[PDB]
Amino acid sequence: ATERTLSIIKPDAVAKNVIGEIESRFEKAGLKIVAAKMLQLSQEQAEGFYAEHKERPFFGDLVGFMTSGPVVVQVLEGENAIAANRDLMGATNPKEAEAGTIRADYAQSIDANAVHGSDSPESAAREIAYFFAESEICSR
């Protein structure tokens, strides 16, 4: 059945002005943007969201980047969306993503990998709540 997952278009993608194309990959895969907003995270906001990695070697560098510029945080909804959005995205590391994946077409380095998406139902619920209030989401 249908589900909702969190997707972030990251600073690097935002700065390349490729929001439309990426957004079209989602839409044309059958997923619908049911909640979205552009913003710039703060040191604290980035750290809250990525708390899971709070003691890994790239945490400091990740926070830096996810806060370095604006992003489009958004909720994608559709049939089996969590798994779907992962298929669209490709490997976290761009040099491993099959051709045609957002991460392979729009990014070079794992630092600046274009997009984020949730990896499970449990993190999908957590992440959506982090950035959106239920009344903000306009299921359609």
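In this text, residue numbers run from 1 along the sequence as written.
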As stated in the PDB record, which stretch has the larger average Cα B-factor, 6-14 or 19-27?
-> 19-27
Of 32-40 and 73-81, the stretch with the higher mean C-alpha B-factor in the deposited entry is 73-81
Would you check the entry's CA temperature factor for residue 112 and let me know if it's in the chain's lowest, middle or highest third?
-> highest
Position of residue 101 among the chain's modelled residues by C-alpha B-factor, lowest, middle or highest third | lowest
Ranked against its chain, the third holding the CA B-factor of residue 93 = highest
